[PDB]
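Undergrad:
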Amino acid sequence: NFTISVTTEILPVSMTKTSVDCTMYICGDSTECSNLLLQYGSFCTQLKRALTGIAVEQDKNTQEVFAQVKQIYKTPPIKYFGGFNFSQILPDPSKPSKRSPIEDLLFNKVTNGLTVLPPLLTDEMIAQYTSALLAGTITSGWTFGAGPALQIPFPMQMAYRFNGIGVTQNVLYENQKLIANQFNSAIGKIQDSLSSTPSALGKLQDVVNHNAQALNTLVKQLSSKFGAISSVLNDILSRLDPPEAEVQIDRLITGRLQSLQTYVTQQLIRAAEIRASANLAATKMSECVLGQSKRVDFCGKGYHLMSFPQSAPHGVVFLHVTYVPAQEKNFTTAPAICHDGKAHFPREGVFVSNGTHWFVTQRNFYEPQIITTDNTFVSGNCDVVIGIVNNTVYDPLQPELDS
Amino acid sequence: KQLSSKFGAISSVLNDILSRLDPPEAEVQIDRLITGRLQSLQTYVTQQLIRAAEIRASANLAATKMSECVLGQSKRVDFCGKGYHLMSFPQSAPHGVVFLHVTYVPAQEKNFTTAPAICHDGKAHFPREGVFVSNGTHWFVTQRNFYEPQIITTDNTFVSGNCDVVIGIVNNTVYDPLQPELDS
Amino acid sequence: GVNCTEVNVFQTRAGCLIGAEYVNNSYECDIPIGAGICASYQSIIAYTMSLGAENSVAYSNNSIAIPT
Ligand SMILES: *[C@@H]1O[C@H](CO)[C@@H](O[C@@H]2O[C@H](CO)[C@@H](O)[C@H](O)[C@H]2NC(C)=O)[C@H](O)[C@H]1NC(C)=O
Ligand SMILES: *[C@@H]1O[C@H](CO)[C@@H](O[C@@H]2O[C@H](CO)[C@@H](O)[C@H](O)[C@H]2NC(C)=O)[C@H](O)[C@H]1NC(C)=O
Ligand SMILES: *[C@@H]1O[C@H](CO)[C@@H](O[C@@H]2O[C@H](CO)[C@@H](O)[C@H](O)[C@H]2NC(C)=O)[C@H](O)[C@H]1NC(C)=O
Ligand SMILES: *[C@@H]1O[C@H](CO)[C@@H](O[C@@H]2O[C@H](CO)[C@@H](O)[C@H](O)[C@H]2NC(C)=O)[C@H](O)[C@H]1NC(C)=O
Ligand SMILES: *[C@@H]1O[C@H](CO)[C@@H](O)[C@H](O)[C@H]1NC(C)=O
Ligand SMILES: *[C@@H]1O[C@H](CO)[C@@H](O)[C@H](O)[C@H]1NC(C)=O
Ligand SMILES: *[C@@H]1O[C@H](CO)[C@@H](O)[C@H](O)[C@H]1NC(C)=O
Ligand SMILES: *[C@@H]1O[C@H](CO)[C@@H](O)[C@H](O)[C@H]1NC(C)=O
Ligand SMILES: *[C@@H]1O[C@H](CO)[C@@H](O)[C@H](O)[C@H]1NC(C)=O
Ligand SMILES: *[C@@H]1O[C@H](CO)[C@@H](O)[C@H](O)[C@H]1NC(C)=O
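Protein chains in written order, with this note's numbering: chain A, 126 to 528; chain B, 3 to 186; chain C, 1159 to 1226.
#1: With C-beta atoms as the reference, is residue 19/B less than 7 Å away from residue 31/B?
#2: Quick check on residue 39/B - is its C-beta less than 7 Å from some C-beta in chain A?
#3: For chain A, check one thing: does any of its Cβ atoms lie closer than 7 Å to the Cβ of residue 1209/C?
#4: What are the partner residues of residue 134/B, as DSSP defines its beta bridges?
#5: Among 476/A, 462/A, 490/A and 518/A, whose alpha-carbon lies nearest the alpha-carbon of residue 505/A?
#6: Can you tell me where the alpha helix (DSSP H) with residue 30/B in it begins and where it stops?
#7: Considering only heavy atoms of ligand 3, does any lie closer than 6 Å to the CB of residue 464/A?
#8: From this set, 207/A, 474/A, 358/A and 216/A, which residue's C-alpha is nearest residue 158/A's C-alpha?
#9: Return the chain-ordered list of same chain residues with a C-beta closer than 7 Å to the C-beta of residue 479/A, the five sequence neighbours on each side being excluded.
#10: What first and last residue would you give for the alpha helix (DSSP H) that runs through residue 234/A?
#11: Under 8 Å Cβ to Cβ from residue 23/B, same chain only, skipping five residues before and after it: list those, please.
#12: Taking C-alpha atoms, which residue in 231/A, 473/A, 274/A and 496/A lies nearest to residue 441/A?
#13: So, does the CB of residue 115/B fall closer than 7 Å to a CB anywhere in chain C?
#14: Which same chain residues end up closer than 6 Å to residue 38/B when comparing Cβ atoms and leaving out the 5 residues on each side of it in sequence?
#15: If we cut at 7 Å on Cβ distances, does residue 199/A have a partner in chain C?
#16: Helix, strand or coil for residue 253/A per DSSP?
#17: Report yes if the C-beta distance between residue 297/A and residue 308/A is below 7 Å; otherwise report no.
#18: Suppose the cutoff is 7 Å on Cβ atoms and the five residues either side in sequence are ignored; what does the same chain contact list for residue 1178/C look like?
#19: Pull up the distance between the alpha-carbon of residue 1176/C and that of residue 1163/C, whole angstroms please.
#20: Can we count residue 276/A as close to ligand 9, meaning its CB is less than 6 Å from some heavy atom?
#21: Within 6 Å: the Cβ of residue 233/A and any heavy atom of ligand 7?
#22: So, for residue 521/A: in the same chain, excluding its five sequence neighbours on each side, which residues have a beta-carbon less than 8 Å away from its beta-carbon?
#23: Which residues does DSSP pair with residue 80/A in a beta bridge?
#24: Between residue 502/A and residue 131/B, what straight-line distance do the alpha-carbon atoms span, to the nearest angstrom?
#25: Starting from the C-beta of residue 132/A, find all residues in its chain whose C-beta is less than 7 Å away, skip the five residues before and the five after it, and write them out in chain order.
#26: Along the chain, where does the beta strand (DSSP E) containing residue 98/B start, and where does it finish?
#27: In chain order, what are the residues with a CB under 6 Å from some non-hydrogen atom of ligand 4?
#28: Can you tell me where the alpha helix (DSSP H) holding residue 156/A begins and where it ends?
#29: Excluding the 5 residues preceding and the 5 following residue 1193/C in the sequence, name in chain order all residues of the same chain whose CB lies nearer than 7 Å to its CB.
#30: So with Cβ pairs under 7 Å, would you call residue 83/B a contact of chain A?
#31: Expressed to the nearest angstrom, what Euclidean distance is found between the alpha-carbon atoms of residue 443/A and residue 261/A?
#32: Check whether the Cβ of residue 1221/C lies closer than 7 Å to any Cβ atom in chain A.
#33: Looking at the C-beta of residue 1212/C, does it have a partner C-beta in chain A at a distance below 7 Å?
#34: Residues of the segment 50-69 of chain B with a CB closer than 9 Å to any CB of chain A: list them in chain order, please.
#35: For residue 156/A and residue 436/A, what's the separation of their Cα atoms in angstroms?
#36: Which residues of chain A have a Cβ atom closer than 7 Å to the Cβ of residue 162/B, listed in chain order?
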């Protein structure tokens, strides 16, 4: 017996783009600031160029993770996909933001001179891209990330997914109601569990809190004396005498520029880490969604069947579909079957004997079939295989060549 | 270009300050100049390490694609090229590499009417590797990515179960070659 | 990010846009601005982003498509 479960794996994509007013943050409304700062060469153009490059890289990451298709597919008006309840996943038009209930739950759970830029792709367009991707991986199979989309009925696509993991498709067609009920129960369970557990949104909350704290500590550093006389421009450039005021304001702007350089270096390193995570999420979107990936523990714990992405604030969330077998059963095997002085070997599976009778079965499911010469290929003779057992093999057409 | 910055000093030439002012003030001027130039050099080195880390990540990705799309065939969907994968070649470029992925794009489709199983003689038939495709009157089994139809035979189908458990089954005959073989 | 009530003019959800008229039609993005506004030289116009053609595909219970 097999149990189908859905698991969550959350990956951030992009943080908030930032732009800094350089000479306004250093010191504003002072000609002495200008004639002391423009003689520092270029310690400001470098910072502005690096931060704008970071913003462009965040835009590129947002474009790369979600815009893997050049079409906006629309779901068919039929809501009967074969008994599967695609209502917590496929978006509905009654909501004002055109978002799925899981996206709504995830968005509701997640909660001078420094300027925060807005992203190019707003959340409505990200939700539209995810709706198009769900339409593509429901009604078109996996043959739409490679060429044009093709109509595939959903039970046959799911049978293809079972055929991808070494299990014959017929076990789907004798268990369709059970698979549909298990999938719907798993979807409802994960919908409840995304709200029941409070610490299931670590990465997105940590990245937005890190951005907020790194932006707050700069403004906190704006009001420190840095070993100078004071921390106010109108106090240091009016009460003092310019022979010492020039040195004091040079020390103060040197400290402020050092703090700004530290902030830019921290933002560069965090953006590099976010870029690596976004590349990993793009690989996940290209493999675990647009097709089946046979490698273990990259698209969910267990054998992988499909996955559905959902839009998230400052990132993406994945809902994998995994095939987890259970209900083990002990048996006695043999590497080969001996018959008439020649050995037989299984074509697709393994020779399994419960008691005094032998059967051939597929590898990941118990389906006993009578040993025929259409389930075996002969090779060599019966004196060298270690552990071979004696048993007759059914020939095909026995009662037919003499009738 | 940072050499021509005064850094709050009198000038940006070390020979000029040392040959025009007394050493008590020249010490302060050269100290400010040397700490400014040292800060500039540290900033350049930090930028170089960041860019080198990014280039290291990109070069590891390039070696990944070279080992997994030139030395062999990759079954990962949309990892090398837009479409199904065949093979690829590397070409050398200054300070980089350029691949030429060779892909397989199955355009010009034509849709049909299908069914997951065929019922005959009280038992259900399932396709071994293809899909049951009907063009309206007869039935055929064809490949999953190229429409080359073949007549249904017992040698490319496997039987399991009966006609009642599976849904969506249809009724059609199946060709068994032993019936035209036995009478001859 | 400046509400230009003190300094043709079309107001985006990114600040003020001066010198670019607004067109209700939509085209492919060339120069990104933010909040789903992209401007291109057709004069200079600013339009809502086009995500692509609405290539809807049919679906049934027994319809399959095979390339030839
Ligand atoms: C395989 O396991 C599933 C559940 O893990 C079984 O489905 C349950 O079956 C019992 C009785 O057999 C019912 O009372 C439950 O309502 C079923 N649950 C669901 C969700 O449908 C299934 O019967 C098992 N199949 C085999 C062959 O053991
Ligand atoms: C999917 O499962 C739900 C579980 O009950 C079905 O019922 C919906 O339940 C939610 C929350 O309990 C309500 O907000 C909806 O209004 C319910 N739907 C209806 C039609 O009343 C839901 O019907 C199932 N969907 C399908 C397509 O079977
Ligand atoms: C091992 O399993 C096989 C098949 O499940 C059993 O073979 C059948 O068992 C039933 C139950 O008595 C008999 O009515 C059939 O005649 C058996 N088939 C054949 C071809 O002999 C087999 O009995 C099981 N082994 C044990 C020790 O129980
Ligand atoms: C469906 O395909 C079959 C096989 O290609 C077609 O059957 C053949 O049709 C041609 C054209 O009239 C005849 O010359 C052949 O003798 C037919 N072969 C047979 C009957 O085995 C069939 O016509 C196609 N159906 C439609 C509606 O196009
Ligand atoms: C199978 O046998 C092993 C020992 O050989 C035992 O530990 C295990 O519990 C058995 N499993 C079942 C399902 O009986
Ligand atoms: C039964 O198996 C044993 C061990 O493989 C072998 O020695 C013996 O000849 C076999 N009996 C036959 C083939 O009748
Ligand atoms: C699918 O087939 C039907 C008739 O069988 C036809 O009306 C429809 O246009 C076809 N779909 C496509 C995309 O060609
Ligand atoms: C197939 O034949 C059986 C037995 O005559 C019948 O019950 C069933 O309705 C038939 N199905 C179709 C699709 O004709
Ligand atoms: C700009 O300010 C006016 C008056 O306060 C307000 O009505 C308008 O909505 C503001 N613009 C935006 C884009 O909110
Ligand atoms: C598919 O099956 C459902 C279930 O009854 C039915 O409502 C729908 O009309 C069917 N679709 C077609 C195209 O016949």
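Here a beta-carbon is modelled for each residue, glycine too, at the ideal position from N, C-alpha and C.
TA: On the basis of the coordinates in this document:
#1: Start at 1 with the first residue of the second sequence, and residue 19/B comes out as number 17. Start at 1 with the first residue of the second sequence, and residue 31/B comes out as number 29. Contact flag set, yes.
#2: In the second sequence, residue 39/B corresponds to position 37, counting from 1. Residue 39/B does not count as touching chain A.
#3: Along the third sequence, one-based indexing puts residue 1209/C at 51. Closer than 7 Å: yes.
#4: Along the second sequence, read from residue 1 onward, the residue named residue 134/B stands at position 132. BP columns for residue 134/B point to 143/B.
#5: The residue labelled residue 505/A in the question sits at position 380 within the first sequence. Closest by alpha carbon: 462/A.
#6: Translated into the one-based positions of the second sequence, residue 30/B becomes position 28. Where residue 30/B is concerned, the enclosing alpha helix (DSSP H) stretches over 25-71.
#7: In the first sequence, the residue the question calls residue 464/A occupies position 339. It does not: the Cβ of residue 464/A is nowhere closer than 6 Å to a heavy atom of ligand 3.
#8: Your numbering for residue 158/A matches position 33 in the first sequence. With distances taken between Cα atoms, residue 158/A lies closest to 358/A.
#9: Here the question's residue 479/A lines up with position 354 in the first sequence. The answer, listed in chain order, is 456.
#10: Position 109 of the first sequence, counted from the start, is the residue given in the question as residue 234/A. 226-234 is the span of the alpha helix (DSSP H), which, as asked, contains residue 234/A.
#11: For the purposes of this step, residue 23/B is taken as residue 21 along the second sequence, with counting starting at 1. Only 12 and 31 meet the Cβ criterion.
#12: Residue numbering aside, residue 441/A sits at position 316 when the first sequence is read from its first letter. Among 231/A, 473/A, 274/A and 496/A, the Cα nearest to that of residue 441/A is on 231/A.
#13: In the second sequence, the residue the question calls residue 115/B occupies position 113. Yes, contact with chain C.
#14: Counted from its first residue, the second sequence places residue 38/B at position 36. Excluding residues within five positions, the ones whose Cβ falls inside 6 Å are 9.
#15: The count along the first sequence starts at 1 and reaches residue 199/A at position 74. Closer than 7 Å: yes.
#16: The residue given as residue 253/A occupies position 128 in the first sequence. It is helical.
#17: Indexing the first sequence from 1 puts residue 297/A at position 172. Indexing the first sequence from 1 puts residue 308/A at position 183. No, the pair does not count as a contact, with Cβ atoms beyond the cut-off.
#18: Locating residue 1178/C in the third sequence gives position 20, counting from the first residue. So the list reads 1168, 1197, 1202, 1203 and 1204, once near-sequence residues are dropped.
#19: Sequence index remark: in the third sequence, residue 1176/C carries index 18 (1-based). Sequence index remark: in the third sequence, residue 1163/C carries index 5 (1-based). Near 12 Å, if we compare the C-alpha coordinates of residue 1163/C and residue 1176/C.
#20: Here residue 276/A refers to the residue found at position 151 when the first sequence is read from its first residue. The answer is no for residue 276/A.
#21: The residue labelled residue 233/A in the question sits at position 108 within the first sequence. It does not: the Cβ of residue 233/A is nowhere closer than 6 Å to a heavy atom of ligand 7.
#22: Position 396 of the first sequence, counting from 1, holds the residue named residue 521/A. Taken in chain order, the residues that qualify are 497, 498 and 499.
#23: Since the first residue shown for chain A is 126 and the last is 528, residue 80/A is missing from the structure and cannot be characterised.
#24: Walking along the first sequence from the start, residue 502/A turns up at place 377. Walking along the second sequence from the start, residue 131/B turns up at place 129. Their Cα atoms are separated by approximately 19 Å.
#25: Taking the first sequence and counting its residues from 1, the one referred to as residue 132/A is at position 7. Cβ neighbours of residue 132/A beyond the five flanking positions: 425, 426, 445 and 447.
#26: The residue labelled residue 98/B in the question sits at position 96 within the second sequence. That run of the beta strand (DSSP E) goes 98-106.
#27: 137/B, 138/B, 139/B and 140/B
#28: The sequence position of residue 156/A within the first sequence is 31, counting from 1. Residues 156-162.
#29: As a first step, residue 1193/C must be located in the third sequence, where it is residue number 35. Correct list, in chain order: 1170, 1171 and 1172.
#30: As a first step, residue 83/B is located in the second sequence; it is residue number 81 there, counting from the start. With 7 Å as the cut-off, residue 83/B does not count as an interface residue toward chain A.
#31: Translated into the one-based positions of the first sequence, residue 443/A becomes position 318. Translated into the one-based positions of the first sequence, residue 261/A becomes position 136. About 16 Å.
#32: Here residue 1221/C is taken as the residue at index 63 of the third sequence, counted from 1. Yes, residue 1221/C counts as interfacial toward chain A.
#33: Your numbering for residue 1212/C matches position 54 in the third sequence. Yes, residue 1212/C lies at the interface with chain A (some Cβ there is under 7 Å from its Cβ).
#34: 52, 55, 56, 59 and 63
#35: Position 31 of the first sequence, counted from the start, is the residue given in the question as residue 156/A. Position 311 of the first sequence, counted from the start, is the residue given in the question as residue 436/A. Spanning the two alpha carbons is a distance of roughly 49 Å.
#36: Counting from 1 along the second sequence, the entry for residue 162/B is found at position 160. Going along chain A in sequence order, the residues near residue 162/B (Cβ under 7 Å) are 295.
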